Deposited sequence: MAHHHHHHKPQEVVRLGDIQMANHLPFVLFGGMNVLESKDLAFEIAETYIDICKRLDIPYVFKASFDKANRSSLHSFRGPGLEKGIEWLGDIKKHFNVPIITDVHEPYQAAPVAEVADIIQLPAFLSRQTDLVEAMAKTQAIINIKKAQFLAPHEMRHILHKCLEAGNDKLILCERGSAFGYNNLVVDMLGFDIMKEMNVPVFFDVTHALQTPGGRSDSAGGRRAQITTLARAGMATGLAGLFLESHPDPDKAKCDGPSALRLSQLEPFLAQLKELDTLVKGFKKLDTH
């Protein structure tokens, strides 16, 4: 069985508890931008009292072209992640793209993220589970909610019970995602923390719509939110990045909605 309340030192993540923020940037553009963005997140989450985990990729492994910017790479990113972790004493979450990378990533990262497209790749899942870090499972665009249980079951079989499921939209026809809010209940009924990646659910593979979608998801009662920002969204996924100057009022509303929704008695309408 998976852990219903996933603990990370001081932080407790669960669908009935105050929501936790996995927040940061899409990719490590530079040391100075990462430090600036982290400082902005930590300060805001401290004043709003939202538990916080810093998020950034060391590699964009699945871009369209071989020449697209991929980031600092494994060696430099893991080194840079430690710099952010040691200076601020903040947890780290990043994604893992090849099985061998799991253990070296686990030294620095408190939560290791399983990318959507790779969530079925057994070698990557087994290697990630072995490190014993928390595992954030990105729900694939092509998988139905009930299919999440097998990814949990494979993780449990591989000896890891610190598991989080993260919604990021479902394929809706061509070049378009929809978020089925009814899917949140199905995943919550698996008794794991459930997160919503609002940033990547806007994609039309809609920055003005991030507020609408985050509210709808968090109104269902979720363990946390996954969010990316940038001071000037115009090096990767800029159309989905939230203008960093808008972070605090955005988080403040979500904090208030969550508080209302988390205090509701669950209602059985069977």
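Unmodelled regions (deposited sequence positions with no C-alpha coordinates, counted from 1) are 1-8, 214-222, 252-253.
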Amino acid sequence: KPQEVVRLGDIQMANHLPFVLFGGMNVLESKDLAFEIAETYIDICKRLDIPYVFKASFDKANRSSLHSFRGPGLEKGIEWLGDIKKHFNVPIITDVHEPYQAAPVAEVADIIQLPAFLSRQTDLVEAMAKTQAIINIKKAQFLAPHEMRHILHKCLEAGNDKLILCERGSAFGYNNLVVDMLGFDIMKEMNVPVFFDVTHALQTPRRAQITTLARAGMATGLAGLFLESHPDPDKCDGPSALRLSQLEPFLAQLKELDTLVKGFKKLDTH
From here on, numbers count along this sequence of modelled residues.
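If you average the C-alpha B-factors over 107-115 and over 188-196, the higher value belongs to 107-115. Higher mean CA B-factor, judged across 95-103 and 141-149 from the recorded values: 95-103. Of the candidates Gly173, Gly183, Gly73, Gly169, it is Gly73 whose Cα B-factor is highest according to the PDB record. Remark: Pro51 belongs to the middle third of its chain, ranked by C-alpha B-factor as recorded.
Per the deposited record, the Cα B-factor of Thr220 falls in the lowest third when ranked against the other modelled residues of its chain.
Per the deposited record, the Cα B-factor of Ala214 falls in the lowest third when ranked against the other modelled residues of its chain. Sorting the modelled residues of the chain by their CA temperature factor places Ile134 in the middle third.
Looking at the C-alpha B-factors along this chain, the one for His270 belongs to the lowest third.
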